[PDB]
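J.: Questions regarding the structure given below will be posed in turn.
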Amino acid sequence: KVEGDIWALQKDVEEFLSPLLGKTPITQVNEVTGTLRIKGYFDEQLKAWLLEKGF
Amino acid sequence: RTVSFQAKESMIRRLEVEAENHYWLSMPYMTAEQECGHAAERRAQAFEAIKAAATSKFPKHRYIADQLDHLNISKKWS
Amino acid sequence: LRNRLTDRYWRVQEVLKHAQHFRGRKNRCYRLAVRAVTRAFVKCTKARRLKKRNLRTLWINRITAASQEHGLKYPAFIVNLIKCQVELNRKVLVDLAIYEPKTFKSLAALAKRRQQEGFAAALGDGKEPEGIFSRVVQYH
Amino acid sequence: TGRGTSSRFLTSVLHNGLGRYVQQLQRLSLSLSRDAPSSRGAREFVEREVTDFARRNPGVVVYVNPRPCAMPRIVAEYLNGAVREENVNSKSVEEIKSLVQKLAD
Amino acid sequence: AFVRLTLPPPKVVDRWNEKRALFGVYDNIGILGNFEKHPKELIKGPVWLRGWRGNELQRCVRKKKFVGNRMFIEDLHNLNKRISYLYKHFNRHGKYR
Amino acid sequence: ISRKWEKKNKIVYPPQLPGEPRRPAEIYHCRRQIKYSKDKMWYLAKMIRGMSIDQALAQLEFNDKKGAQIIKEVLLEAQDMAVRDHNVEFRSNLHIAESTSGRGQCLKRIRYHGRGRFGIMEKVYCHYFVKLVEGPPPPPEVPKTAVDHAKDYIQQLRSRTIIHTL
Amino acid sequence: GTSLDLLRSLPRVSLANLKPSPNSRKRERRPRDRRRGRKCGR
Amino acid sequence: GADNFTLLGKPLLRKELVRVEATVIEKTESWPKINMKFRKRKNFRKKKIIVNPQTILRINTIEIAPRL
Amino acid sequence: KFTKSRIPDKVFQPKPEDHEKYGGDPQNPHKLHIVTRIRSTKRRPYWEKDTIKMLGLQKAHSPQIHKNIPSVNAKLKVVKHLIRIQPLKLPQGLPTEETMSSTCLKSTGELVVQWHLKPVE
RNA sequence: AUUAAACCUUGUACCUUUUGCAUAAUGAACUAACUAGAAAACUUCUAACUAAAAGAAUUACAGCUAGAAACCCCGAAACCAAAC
RNA sequence: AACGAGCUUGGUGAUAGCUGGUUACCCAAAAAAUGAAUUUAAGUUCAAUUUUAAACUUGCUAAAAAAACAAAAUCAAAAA
Ligand SMILES: [Mg+2]
Ligand SMILES: [Mg+2]
Ligand SMILES: [Mg+2]
Ligand SMILES: [Mg+2]
Ligand SMILES: [Mg+2]
Ligand SMILES: [Mg+2]
Ligand SMILES: [Mg+2]
Ligand SMILES: [Mg+2]
Ligand SMILES: [Mg+2]
Ligand SMILES: [Mg+2]
Ligand SMILES: [Mg+2]
């Protein structure tokens with residue numbers, strides 16, 4: 001449930017997850033549905049990450 | 001079936017070409033020991049390129065502009 | 001009959017238009033016309049490759065006729081012109097023979113001239129200097 | 001199909017290039033619908049490309065006729081008297097521009 | 001093939017007749033009406049397939065279940081034979097086992 | 001069924017101008033549902049093609065075929081309407097420009113055979129058409145002379161071109 | 001939401017402009033052409 | 001070549017000697033050429049049409065200069 | 001049974017006359033091979049088919065450059081009869097970054113680094 | 001292809017099968033019309049909402065809901081019941 | 001008007017591992033007819049192949065010695 005610039009979120013997600021992977025994550029942006037899809041399981045890291053941002 | 005004159009020559013010509021091929025394969029520039037490892041780096045990188053493409057498959061992005069551009073089919077002169 | 005094809009007239013005319021110059025029922029009866037048209041198209045496609053080869057055979061015959069008038073066989077005319085670094089092709093050599101007989105005689109003299117030098121050269125054993133017309137213009 | 005069709009020899013209309021080159025295309029007609037999906041690309045051609053084509057080719061007279069129409073159609077007439085008609089129904093702007101240039105050449 | 005030698009009469013369609021103009025109204029009777037009625041209750045049709053869908057064997061069995069006892073002898077005999085044919089087709093014949 | 005042959009006698013051309021050759025009259029006539037094979041009628045129709053009206057009648061009067069009397073009766077009717085309705089001056093000044101036979105509507109019947117087998121027989125009908133053109137019959141066919149044959153041969157030689165070359 | 005600003009520029013939405021979501025519909029194949037006709041896959 | 005003489009390159013003549021000028025008169029496409037192969041169940045529609053762009057050039061002049 | 005063949009080593013031991021005939025020094029051996037396919041692998045066993053694709057010689061009469069090292073030579077000996085092996089020669093030296101775009105491989109086997117298409121003069 | 005319809009050159013009808021083979025063997029006088037792939041258990045794609053989904057009864061340790069996506073035609077000798 | 005068992009209607013769209021047929025275009029890939037069981041060998045199910053999609057990492061050719069044999073394949077370090 002992403003509103004606004006879904007591409008800005010992709011940029012932040014890639015930077016946040018890149019050190020953990022050691023490589024850029026593969027992601028899909030569905031601008032029609034408003035969702036961002038990432039290859040691999042990163043739910044816990046992204047859940048904690050989004051809490052810090054205050055969403 | 002007697003073998004023709006032209007047939008016999010064409011085989012000989014090919015044999016001479018292969019005979020020379022023997023000579024040029026008889027003088028290796030490097031020995032077996034010296035060969036080991038001289039191309040390791042290039043081989044290592046090449047496989048990484050192969051793996052990277054294989055493991056990078058994922059669906060494509062979807063844009064609103066594609067869906068909304070369909071409305072232009074009813075574009076008109078006012 | 002909710003849905004019946006309504007365009008079969010034009011589908012039929014697609015085949016029959018190609019068959020109108022045949023003879024017999026091939027030219028108007030679709031079941032027979034369709035089989036004939038498919039053989040005509042296959043023949044046309046294969047004839048496209050064959051046409052190029054037949055034209056070359058025609059040129060070689062015409063070149064042989066022209067060169068024999070001056071006393072030269074076809075192999076002697078062609079190879080010795082090549083040995084002079086003249087790269088005229090067989091199609092053009094026929095045009096010169098039919099329409100430029102004086103030029104073609106010059107080519108025959110040049111080809112015979114180079115041929116004679118080759119005969120002397122082989123007997124020369126390499127000590128003799130190379131022929132005037134046997135010199136090769138180098139490129140780099 | 002060679003023997004089922006006519007043939008001719010290579011030729012030019014009036015020794016086209018011996019003294020001076022003359023463009024054989026002399027008239028282009030474009031029929032449009034003001035509001036019809038199939039004529040959209042032709043409408044964009046008129047807005048953007050028709051004026052430039054006319055200036056580049058000052059010997060061709062170009063007629064643009066917006067009218068209630070089911071299929072846009074291009075009619076090309078040459079100096080020798082030949083007429084060629086092309087259905088432009090639901091073609092993109094680029095295809096129409098590409099086709100129009102072929103008629104001129 | 002033979003083709004018409006004349007144009008048929010042009011078809012005249014009134015797009016703003018009452019039925020076309022008001023098509024779809026009350027399809028949200030439930031969500032906009034507190035769910036007192038489900039939209040399927042607005043479907044007009046055979047009693048055995050109002051608000052229901054199925055394959056032909058299912059439709060044949062459903063019609064018999066609903067109005068089988070009010071059917072004519074010719075119709076009921078034909079319907080019963082259709083069930084047995086479809087039963088054998090779906091349960092014994094086909095590419096996929 | 002179509003009946004266009006009858007309609008052809010209704011064509012009206014505009015008045016000819018003084019400086020023009022006089023247009024020959026043309027008369028179209030037919031008899032439709034004749035109990036006779038069209039294949040058989042072709043021979044009678046073929047024979048009179050190109051002959052004058054009187055010459056055609058003379059040959060038909062002494063033919064033993066059933067179709068000859070039918071064609072003769074049609075020819076006489078065509079002759080009368082030509083003078084009576086089509087402004088033909090002299091009855092004799094007419095020749096057969098066109099004469100042919102066509103299929104009619106036929107009836108299907110049963111042909112009995114030996115063992116309860118049958119066949120479908122056809123009761124055949126045919127049509128007969130003629131056009132009469134005012135004027136003497138066109139001059140007969142003249143065979144080519146030897147000189148004419150030689151001339152055509154030389155033209156073929158002179159038409160030769162050098163093929164598949166500049 | 002800039003996407004809503006895009007709607008302002010575009011022509012009216014209507015029953016003539018409708019389109020399904022991409023790839024939402026597969027193609028149904030009938031045994032009519034040579035590829036899927038003939039023995040029909042059996 | 002001329003009536004009384006010819007010059008032959010080995011294989012090409014020098015730019016100083018010969019200048020040949022041509023003009024583009026027409027840019028066109030070939031007539032439809034049918035390409036149909038032979039195959040089991042040939043059919044009439046297993047057919048391809050090849051149309052190729054074409055150019056027509058008029059040769060304008062051939063000139064020579066005394067630079068032998 | 002048709003099977004893979006092992007050539008006796010004596011075949012690849014040259015003779016002094018061979019060096020004179022082909023003009024190759026047994027010392028300072030050439031570094032790179034020029035190999036072209038001149039026969040078809042149709043009607044040849046699959047192992048010969050495999051190596052031809054490994055070596056890049058899928059198209060005929062198109063030259064491929066290969067290392068003159070024993071491992072490569074072992075593969076070449078398998079398909080020796082379907083190829084022509086020519087020593088790569090560098091009359092003017094290896095191509096540099098400046099001359100990398102001006103090279104041309106001659107039929108003689110020489111890689112020239114300057115290609116002018118002009119009379120030698 | 002050709003200046004030229006035929007001459008010259010090239011060319012072992014179609015379908016079905018037979019082992020991938022046709023000088024085999026079936027089928028077709030020709031025209032017109034008619035004349036034979038049909039279902040959602042699992043899987044895939046597209047969306048809604050999401051530790052929940054579904055307009056009652058069902059599934060759920062990211063699921064669940066909806067959509068789309070599928071499986072021919074003609075032909076026996078027979079057998080049985082009731083009439084004639 | 002063709003009885004080892006009449007004819008008509010119905011059951012009935014009987015059934016047929018058998019014969020025949022199975023209607024537009026384009027692109028791509030492609031087995032093999034091997035092993036096993038079957039009143040099974042005119043069929044079917046499984047293996048094996050082939051194929052589509054997805055996941056992530058070594059595969060193919062080659063392969064020293066060295067064993068196993070008896071005194072060209074199996075295995076497969078390094079490399080290329
Ligand atoms: Mg050839
Ligand atoms: Mg009798
Ligand atoms: Mg008859
Ligand atoms: Mg095939
Ligand atoms: Mg038999
Ligand atoms: Mg289906
Ligand atoms: Mg009886
Ligand atoms: Mg059956
Ligand atoms: Mg069986
Ligand atoms: Mg048993
Ligand atoms: Mg290894």
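Chain labels follow the order of the structure tokens: the first chain is A, the next B, and so on; residue numbering restarts at 1 in every chain, and ligands are counted from 1 in their shown order.
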Please check which protein, DNA or RNA residues sit within 12 Å of ligand 11, counting only C-alpha atoms (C1' of nucleotides) and all ligand atoms, and write them as number ranges by chain.
T.: K: 58-64, 76-80
J.: Let me have all residues with an atom within 12 Å of ligand 7, counting only C-alpha atoms (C1' of nucleotides) and all ligand atoms, laid out as JSON, numbers by chain.
T.: {"K": [1, 2, 3, 5, 6, 7]}
J.: Please give me, as a PyMOL selection string, the residues lying within 12 Å of ligand 5 when counting only C-alpha atoms (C1' of nucleotides) and all ligand atoms.
T.: chain J and resi 24-26
J.: For the residues in that selection, give me C-alpha atoms (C1' of nucleotides) as a PDB file, in the first residue's frame.
T.:
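File result-v8.pdb, as written:
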```pdb
ATOM      1  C1'   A J  24       3.196 -48.674 -53.542  1.00  0.00           C
ATOM      2  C1'   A J  25      -2.313 -49.333 -51.655  1.00  0.00           C
ATOM      3  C1'   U J  26      -6.769 -46.687 -50.251  1.00  0.00           C
TER       4        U J  26
END
```
J.: Contacts from chain G to chain B, 9 Å maximum, only C-alpha atoms: show me the residue list as a VMD selection string.
T.: chain G and resid 3 6 to 7 10 to 14 16 to 19 21 to 22
J.: Just write the chosen residues, N, CA and C atoms, as a short mmCIF file (atom, residue, chain, number, x, y, z; two decimals), in the first residue's frame.
T.:
```cif
data_model
loop_
_atom_site.label_atom_id
_atom_site.label_comp_id
_atom_site.auth_asym_id
_atom_site.auth_seq_id
_atom_site.Cartn_x
_atom_site.Cartn_y
_atom_site.Cartn_z
N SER G 3 -0.93 10.96 -11.36
CA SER G 3 -1.68 10.09 -12.26
C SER G 3 -3.08 10.64 -12.51
N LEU G 6 -2.98 13.14 -15.11
CA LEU G 6 -2.95 12.57 -16.45
C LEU G 6 -4.36 12.36 -17.00
N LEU G 7 -5.29 11.92 -16.14
CA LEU G 7 -6.66 11.72 -16.59
C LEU G 7 -7.26 13.02 -17.11
N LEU G 10 -6.39 13.37 -20.76
CA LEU G 10 -6.80 12.32 -21.68
C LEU G 10 -8.28 12.44 -22.05
N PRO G 11 -8.70 11.76 -23.12
CA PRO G 11 -10.11 11.76 -23.50
C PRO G 11 -10.99 11.05 -22.47
N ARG G 12 -12.29 11.30 -22.59
CA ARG G 12 -13.26 10.76 -21.65
C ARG G 12 -13.18 9.23 -21.59
N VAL G 13 -13.30 8.70 -20.37
CA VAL G 13 -13.47 7.27 -20.19
C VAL G 13 -14.90 6.89 -20.56
N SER G 14 -15.06 5.81 -21.31
CA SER G 14 -16.37 5.41 -21.80
C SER G 14 -16.35 3.91 -22.09
N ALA G 16 -16.45 2.63 -24.93
CA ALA G 16 -15.65 2.38 -26.12
C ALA G 16 -14.15 2.38 -25.86
N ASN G 17 -13.69 2.82 -24.68
CA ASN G 17 -12.27 2.92 -24.38
C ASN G 17 -11.77 1.83 -23.44
N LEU G 18 -12.61 0.86 -23.10
CA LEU G 18 -12.26 -0.09 -22.06
C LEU G 18 -11.24 -1.11 -22.55
N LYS G 19 -10.36 -1.53 -21.64
CA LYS G 19 -9.33 -2.51 -21.94
C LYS G 19 -9.07 -3.35 -20.70
N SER G 21 -6.83 -5.64 -18.03
CA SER G 21 -5.46 -5.55 -17.54
C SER G 21 -4.55 -6.41 -18.42
N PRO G 22 -3.34 -5.96 -18.73
CA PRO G 22 -2.48 -6.74 -19.63
C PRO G 22 -2.23 -8.14 -19.10
#
```
J.: Taking only C-alpha atoms (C1' of nucleotides) and all ligand atoms into account, which residues are within 10 Å of ligand 10, as an MDAnalysis selection string?
T.: chainID K and resid 38:40
J.: Hey, can you spit out that residue selection with N, CA and C atoms (P, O5', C5', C4', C3', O3' and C1' of nucleotides) as a PDB file, in the first residue's frame?
T.:
```pdb
ATOM      1  P     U K  38       3.384 -59.894 -16.352  1.00  0.00           P
ATOM      2  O5'   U K  38       2.090 -59.266 -17.030  1.00  0.00           O
ATOM      3  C5'   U K  38       0.855 -59.225 -16.335  1.00  0.00           C
ATOM      4  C4'   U K  38      -0.131 -58.307 -17.007  1.00  0.00           C
ATOM      5  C3'   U K  38      -0.775 -58.832 -18.278  1.00  0.00           C
ATOM      6  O3'   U K  38      -1.851 -59.720 -18.021  1.00  0.00           O
ATOM      7  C1'   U K  38      -0.069 -56.595 -18.606  1.00  0.00           C
ATOM      8  P     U K  39      -1.823 -61.232 -18.561  1.00  0.00           P
ATOM      9  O5'   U K  39      -2.310 -61.117 -20.073  1.00  0.00           O
ATOM     10  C5'   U K  39      -3.376 -60.253 -20.447  1.00  0.00           C
ATOM     11  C4'   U K  39      -4.256 -60.890 -21.495  1.00  0.00           C
ATOM     12  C3'   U K  39      -5.654 -60.300 -21.632  1.00  0.00           C
ATOM     13  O3'   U K  39      -5.692 -59.235 -22.566  1.00  0.00           O
ATOM     14  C1'   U K  39      -5.767 -62.683 -21.485  1.00  0.00           C
ATOM     15  P     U K  40      -5.384 -57.724 -22.123  1.00  0.00           P
ATOM     16  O5'   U K  40      -4.079 -57.344 -22.953  1.00  0.00           O
ATOM     17  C5'   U K  40      -3.095 -56.479 -22.406  1.00  0.00           C
ATOM     18  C4'   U K  40      -1.740 -56.674 -23.044  1.00  0.00           C
ATOM     19  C3'   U K  40      -1.720 -57.227 -24.460  1.00  0.00           C
ATOM     20  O3'   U K  40      -1.951 -56.220 -25.431  1.00  0.00           O
ATOM     21  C1'   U K  40      -0.093 -58.334 -23.122  1.00  0.00           C
TER      22        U K  40
END
```
J.: Please write out the residues within 9 Å of ligand 8 as a list in words, counting only C-alpha atoms (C1' of nucleotides) and all ligand atoms.
T.: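 So, counting only C-alpha atoms (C1' of nucleotides) and all ligand atoms, the residues near ligand 8 are residues 74 and 75 of chain J; 13, 15 and 16 of chain K.
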J.: One number please: atom CA of residue H:65 to atom CA of residue C:92, in Å, one decimal.
T.: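 For atom CA of residue H:65 relative to atom CA of residue C:92, the distance reads 24.2 Å.
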J.: Using atom CA of residue D:34 and atom CA of residue D:58 as the two end points, give the distance in Å to one decimal.
T.: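 It comes out at 26.4 Å.
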J.: So that I can check the secondary structure, give me every residue of stretch 5-159 of chain F assigned alpha helix (DSSP H) by backbone DSSP, as a count of residues only.
T.: 57
J.: Listing only residues of chain G within 12 Å of stretch 24-47 of chain H, what is the closest atom pair and its distance in Å (to one decimal) for each, using only C-alpha atoms, sorted by chain and residue number ascending, as CSV?
T.:
```
residue,atom,partner,partner_atom,distance
G:33,CA,H:45,CA,10.9
G:34,CA,H:41,CA,8.9
G:35,CA,H:41,CA,11.5
G:38,CA,H:41,CA,10.3
```
J.: Using only C-alpha atoms (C1' of nucleotides) and all ligand atoms, find each protein or nucleic acid residue lying at most 10 Å from ligand 2; present the set as a PyMOL selection string.
T.: chain F and resi 111-116+118
J.: Using the selection just defined, write its residues with N, CA, C and O atoms as a PDB file, in the first residue's frame.
T.:
```
ATOM      1  N   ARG F 111     -35.861 -44.215 -66.145  1.00  0.00           N
ATOM      2  CA  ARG F 111     -35.562 -45.220 -67.158  1.00  0.00           C
ATOM      3  C   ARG F 111     -35.478 -46.585 -66.481  1.00  0.00           C
ATOM      4  O   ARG F 111     -34.597 -46.816 -65.649  1.00  0.00           O
ATOM      5  N   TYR F 112     -36.398 -47.481 -66.832  1.00  0.00           N
ATOM      6  CA  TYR F 112     -36.456 -48.802 -66.219  1.00  0.00           C
ATOM      7  C   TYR F 112     -35.375 -49.716 -66.778  1.00  0.00           C
ATOM      8  O   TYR F 112     -35.056 -49.681 -67.968  1.00  0.00           O
ATOM      9  N   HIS F 113     -34.830 -50.562 -65.905  1.00  0.00           N
ATOM     10  CA  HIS F 113     -33.776 -51.501 -66.257  1.00  0.00           C
ATOM     11  C   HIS F 113     -34.170 -52.901 -65.791  1.00  0.00           C
ATOM     12  O   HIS F 113     -35.270 -53.127 -65.286  1.00  0.00           O
ATOM     13  N   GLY F 114     -33.239 -53.842 -65.964  1.00  0.00           N
ATOM     14  CA  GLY F 114     -33.594 -55.251 -65.945  1.00  0.00           C
ATOM     15  C   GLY F 114     -34.039 -55.797 -64.599  1.00  0.00           C
ATOM     16  O   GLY F 114     -35.013 -56.545 -64.533  1.00  0.00           O
ATOM     17  N   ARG F 115     -33.327 -55.477 -63.519  1.00  0.00           N
ATOM     18  CA  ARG F 115     -33.512 -56.162 -62.238  1.00  0.00           C
ATOM     19  C   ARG F 115     -34.070 -55.250 -61.150  1.00  0.00           C
ATOM     20  O   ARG F 115     -33.573 -55.236 -60.024  1.00  0.00           O
ATOM     21  N   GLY F 116     -35.092 -54.468 -61.467  1.00  0.00           N
ATOM     22  CA  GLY F 116     -35.559 -53.474 -60.533  1.00  0.00           C
ATOM     23  C   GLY F 116     -34.661 -52.267 -60.432  1.00  0.00           C
ATOM     24  O   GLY F 116     -34.979 -51.336 -59.683  1.00  0.00           O
ATOM     25  N   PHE F 118     -32.962 -48.830 -62.038  1.00  0.00           N
ATOM     26  CA  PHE F 118     -33.464 -47.786 -62.913  1.00  0.00           C
ATOM     27  C   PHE F 118     -32.331 -46.832 -63.256  1.00  0.00           C
ATOM     28  O   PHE F 118     -31.202 -46.965 -62.777  1.00  0.00           O
TER      29      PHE F 118
END
```
J.: Could you list the protein, DNA and RNA residues that have any atom within 10 Å of ligand 9, counting only C-alpha atoms (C1' of nucleotides) and all ligand atoms, and write them as a list in words?
T.: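 Taking only C-alpha atoms (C1' of nucleotides) and all ligand atoms into account, the residues around ligand 9 at most 10 Å away are residues 17, 18, 40, 41, 42, 43 and 44 of chain K.
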J.: Could those selected residues go to a file with N, CA and C atoms (P, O5', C5', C4', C3', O3' and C1' of nucleotides), as a PDB file, in the first residue's frame?
T.:
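Final output, saved to part_5.pdb:
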```
ATOM      1  P     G K  17     -12.296 -48.606 -29.303  1.00  0.00           P
ATOM      2  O5'   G K  17     -10.862 -49.246 -29.029  1.00  0.00           O
ATOM      3  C5'   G K  17      -9.681 -48.615 -29.503  1.00  0.00           C
ATOM      4  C4'   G K  17      -8.451 -49.471 -29.312  1.00  0.00           C
ATOM      5  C3'   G K  17      -8.331 -50.679 -30.250  1.00  0.00           C
ATOM      6  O3'   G K  17      -7.014 -50.758 -30.792  1.00  0.00           O
ATOM      7  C1'   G K  17      -8.077 -51.362 -27.991  1.00  0.00           C
ATOM      8  P     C K  18      -6.676 -50.068 -32.203  1.00  0.00           P
ATOM      9  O5'   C K  18      -7.770 -50.652 -33.198  1.00  0.00           O
ATOM     10  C5'   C K  18      -7.603 -51.922 -33.808  1.00  0.00           C
ATOM     11  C4'   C K  18      -8.539 -52.094 -34.974  1.00  0.00           C
ATOM     12  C3'   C K  18      -8.568 -50.952 -35.976  1.00  0.00           C
ATOM     13  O3'   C K  18      -7.484 -50.977 -36.887  1.00  0.00           O
ATOM     14  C1'   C K  18     -10.777 -51.569 -35.437  1.00  0.00           C
ATOM     15  P     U K  40      -5.384 -57.724 -22.123  1.00  0.00           P
ATOM     16  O5'   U K  40      -4.079 -57.344 -22.953  1.00  0.00           O
ATOM     17  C5'   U K  40      -3.095 -56.479 -22.406  1.00  0.00           C
ATOM     18  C4'   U K  40      -1.740 -56.674 -23.044  1.00  0.00           C
ATOM     19  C3'   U K  40      -1.720 -57.227 -24.460  1.00  0.00           C
ATOM     20  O3'   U K  40      -1.951 -56.220 -25.431  1.00  0.00           O
ATOM     21  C1'   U K  40      -0.093 -58.334 -23.122  1.00  0.00           C
ATOM     22  P     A K  41      -2.579 -56.580 -26.865  1.00  0.00           P
ATOM     23  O5'   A K  41      -1.306 -56.847 -27.782  1.00  0.00           O
ATOM     24  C5'   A K  41      -0.410 -55.793 -28.096  1.00  0.00           C
ATOM     25  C4'   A K  41       0.936 -56.315 -28.530  1.00  0.00           C
ATOM     26  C3'   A K  41       0.923 -57.369 -29.625  1.00  0.00           C
ATOM     27  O3'   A K  41       0.797 -56.798 -30.915  1.00  0.00           O
ATOM     28  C1'   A K  41       2.433 -57.997 -27.896  1.00  0.00           C
ATOM     29  P     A K  42      -0.330 -57.304 -31.942  1.00  0.00           P
ATOM     30  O5'   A K  42      -1.039 -55.958 -32.409  1.00  0.00           O
ATOM     31  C5'   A K  42      -0.263 -54.820 -32.767  1.00  0.00           C
ATOM     32  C4'   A K  42      -1.121 -53.614 -33.061  1.00  0.00           C
ATOM     33  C3'   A K  42      -1.916 -53.067 -31.877  1.00  0.00           C
ATOM     34  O3'   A K  42      -2.027 -51.649 -31.993  1.00  0.00           O
ATOM     35  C1'   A K  42      -3.403 -53.679 -33.594  1.00  0.00           C
ATOM     36  P     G K  43      -1.145 -50.675 -31.071  1.00  0.00           P
ATOM     37  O5'   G K  43      -2.006 -50.516 -29.741  1.00  0.00           O
ATOM     38  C5'   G K  43      -3.272 -49.874 -29.767  1.00  0.00           C
ATOM     39  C4'   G K  43      -3.999 -50.023 -28.456  1.00  0.00           C
ATOM     40  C3'   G K  43      -3.473 -49.180 -27.304  1.00  0.00           C
ATOM     41  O3'   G K  43      -3.956 -47.851 -27.335  1.00  0.00           O
ATOM     42  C1'   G K  43      -3.767 -51.399 -26.574  1.00  0.00           C
ATOM     43  P     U K  44      -3.128 -46.669 -26.634  1.00  0.00           P
ATOM     44  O5'   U K  44      -2.972 -47.149 -25.127  1.00  0.00           O
ATOM     45  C5'   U K  44      -3.801 -46.622 -24.105  1.00  0.00           C
ATOM     46  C4'   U K  44      -3.718 -47.449 -22.850  1.00  0.00           C
ATOM     47  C3'   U K  44      -2.798 -46.915 -21.770  1.00  0.00           C
ATOM     48  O3'   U K  44      -3.399 -45.886 -21.010  1.00  0.00           O
ATOM     49  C1'   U K  44      -2.437 -49.238 -22.050  1.00  0.00           C
TER      50        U K  44
END
```
J.: Please, which residues have at least one atom within 10 Å of an atom of ligand 1, using only C-alpha atoms (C1' of nucleotides) and all ligand atoms, listed as a short mmCIF file (atom, residue, chain, number, x, y, z; two decimals) with C-alpha atoms, in the first residue's frame?
T.:
```
data_model
loop_
_atom_site.label_atom_id
_atom_site.label_comp_id
_atom_site.auth_asym_id
_atom_site.auth_seq_id
_atom_site.Cartn_x
_atom_site.Cartn_y
_atom_site.Cartn_z
CA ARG C 49 17.67 -19.96 -58.32
CA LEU C 50 17.91 -21.85 -61.61
CA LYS C 51 17.60 -18.67 -63.68
CA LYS C 52 20.92 -17.31 -62.38
CA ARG C 53 22.78 -20.52 -63.24
CA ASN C 54 21.26 -20.80 -66.72
CA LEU C 55 22.28 -17.22 -67.53
CA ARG C 56 25.88 -18.01 -66.61
CA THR C 57 25.82 -21.04 -68.91
#
```
J.: Just need the residues of chain A within 12 Å of chain B, counting only C-alpha atoms, so spit them out as a list in words.
T.: residues 6, 7, 10, 23, 24, 25, 26, 27, 28, 29, 30, 31, 32, 33, 34, 35, 36, 37, 38, 39 and 40 of chain A
J.: Step one, run DSSP on the backbone; step two, keep only residues of stretch 59-165 of chain F assigned to strand (DSSP E or B); then write them as a PyMOL selection string.
T.: chain F and resi 94-103+107-112+118-123+126-134
J.: Would you give me, as a ChimeraX atom specification, the residues of chain D that come within 8 Å of chain C, using only C-alpha atoms?
T.: /D:1-2,4
J.: Counting only C-alpha atoms (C1' of nucleotides), what is within 12 Å of residue D:42, bar same-chain residues fewer than 2 positions away, as a JSON list (two decimals) with C-alpha atoms, in the first residue's frame?
T.:
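As a result, part_27.json now contains:
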```
[["chain", "number", "residue", "atom", "x", "y", "z"],
["B", 76, "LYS", "CA", -10.30, 13.80, -31.58],
["B", 77, "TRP", "CA", -10.28, 17.23, -33.16],
["D", 29, "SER", "CA", -5.26, 13.67, -51.49],
["D", 30, "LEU", "CA", -5.82, 12.79, -47.83],
["D", 31, "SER", "CA", -9.33, 12.06, -46.54],
["D", 32, "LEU", "CA", -9.92, 12.14, -42.79],
["D", 33, "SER", "CA", -12.62, 11.76, -40.19],
["D", 34, "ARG", "CA", -12.59, 14.48, -37.55],
["D", 35, "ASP", "CA", -13.68, 12.03, -34.81],
["D", 36, "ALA", "CA", -12.93, 8.40, -35.66],
["D", 37, "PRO", "CA", -10.39, 6.10, -33.98],
["D", 38, "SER", "CA", -9.12, 4.61, -37.25],
["D", 39, "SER", "CA", -8.14, 8.02, -38.65],
["D", 40, "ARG", "CA", -6.16, 9.08, -35.57],
["D", 44, "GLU", "CA", -1.58, 13.46, -36.32],
["D", 45, "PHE", "CA", 0.14, 13.40, -39.72],
["D", 46, "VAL", "CA", -1.85, 16.48, -40.75],
["D", 47, "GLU", "CA", -1.08, 18.29, -37.49],
["D", 48, "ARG", "CA", 2.68, 17.64, -37.56],
["D", 49, "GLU", "CA", 4.03, 16.33, -40.86],
["D", 50, "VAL", "CA", 1.80, 17.39, -43.77],
["D", 64, "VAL", "CA", -6.52, 17.46, -47.05],
["D", 65, "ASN", "CA", -10.27, 16.80, -46.76],
["D", 66, "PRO", "CA", -11.61, 16.30, -43.22],
["D", 71, "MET", "CA", -11.55, 4.73, -43.56],
["D", 72, "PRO", "CA", -8.91, 7.39, -44.31],
["D", 73, "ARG", "CA", -7.57, 7.09, -47.85],
["D", 74, "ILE", "CA", -4.58, 8.54, -49.69],
["D", 87, "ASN", "CA", -5.91, 2.67, -47.35],
["D", 88, "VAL", "CA", -4.52, 4.48, -44.30],
["D", 89, "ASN", "CA", -7.02, 2.92, -41.87],
["D", 90, "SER", "CA", -5.59, 2.91, -38.35],
["D", 91, "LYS", "CA", -1.93, 3.39, -39.27],
["D", 92, "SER", "CA", 0.55, 5.16, -37.03],
["D", 93, "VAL", "CA", 1.93, 8.59, -37.88],
["D", 94, "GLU", "CA", 5.31, 7.17, -38.87],
["D", 95, "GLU", "CA", 3.87, 4.57, -41.26],
["D", 96, "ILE", "CA", 1.81, 7.23, -43.04],
["D", 97, "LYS", "CA", 4.84, 9.52, -43.30],
["D", 99, "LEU", "CA", 4.29, 5.71, -47.14],
["D", 100, "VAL", "CA", 3.81, 9.31, -48.27]]
```
